[PDB]
């Protein structure tokens, strides 16, 4: 049923580029010891004009205009509204008038109107790898490969799926990557789901042994496309590290998925031990009415890619590529631990990217 097609091609575009707005250490470094989970340690609320960020055991909520000005000029110091030392944070995000903070072992709430209140929401029976917030629900992937749903209004928990190694959600879809390397997609509506479609790997891809090319990651790019990654399985504690990964764009047309390789999305040259996770920011309407540009980055890479809905886009010149810095301390490549979009500050949408070293980069994506 599933087929392997030709390499996805790369367009050189003279209409796309990044403008490097600036970079500064705003939080303490992880010194190369990061929590073995997918990390989402930066969020931005354009309505409130605020950000949360967590690096090196320090979590903060702060004013967005301040962070912008701190990074882009050299005259305004970074102060915060709230801060707390929390060791193992993997997830940070605004929800209503609250900020959710999650470690591997527990979820926490900070009340944005009474900052004195830092509540435990819940504990997890087993360590967690990934969390996504959709509306009033938190979708949680377990260390035992159990996909579950937390209602934020009622605190009750549903069991969604099993044997999952990666998942992704939008407002209306839920995708799942399984241990057997098969895929599943569901229509999603406020905790509720109905199987949309299902597929296995193409014959020529099963040829690659599961042990060498393990299921690492899914990303919904559109209701029809996915981006999947397969690669070596990495251990919680290992000093030395090399990543070997294969990326595929899956377009599902009429009961048949096609897979296609890229070598141009997020090449995994990383040298810090990281749990595999694909960062995605969506800018709908940056080209046209059914066209959302997706900016992509990886826990295992220093490069930032662009997907235009149909192919990968390289800017026509080297100053126009978004890349995360080499460390001034270790001389190693850094990777993102959070990514977020700023639409409201004053001086194109602005992509904020947070390091494994607490450094934050602002990059304007133009035309």
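Positions refer to the first chain, counted from 1.
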property	result
Between residue 347 and residue 348 - deposited residues without coordinates, as a size class	10 or more
Segment of higher mean CA temperature factor, 76 to 84 or 121 to 129	121 to 129
Average Cα temperature factor in the PDB entry - higher stretch of 272 to 280, 235 to 243	235 to 243
Residue with highest C-alpha B-factor in the PDB entry, from 331, 43, 303, 69	331
Out of 264, 97, 168, 288, residue topping the C-alpha B-factor column of the entry	288
Position of residue 217 among the chain's modelled residues by C-alpha B-factor, lowest, middle or highest third	lowest
Third of chain Cα B-factors occupied by residue 20	middle
Cα B factor band for residue 299 (lowest, middle or highest third within the chain)	lowest
CA B-factor ranking of residue 182, expressed as a third of its chain	middle
Residue 58, C-alpha B-factor rank within chain (lowest, middle or highest third)	lowest
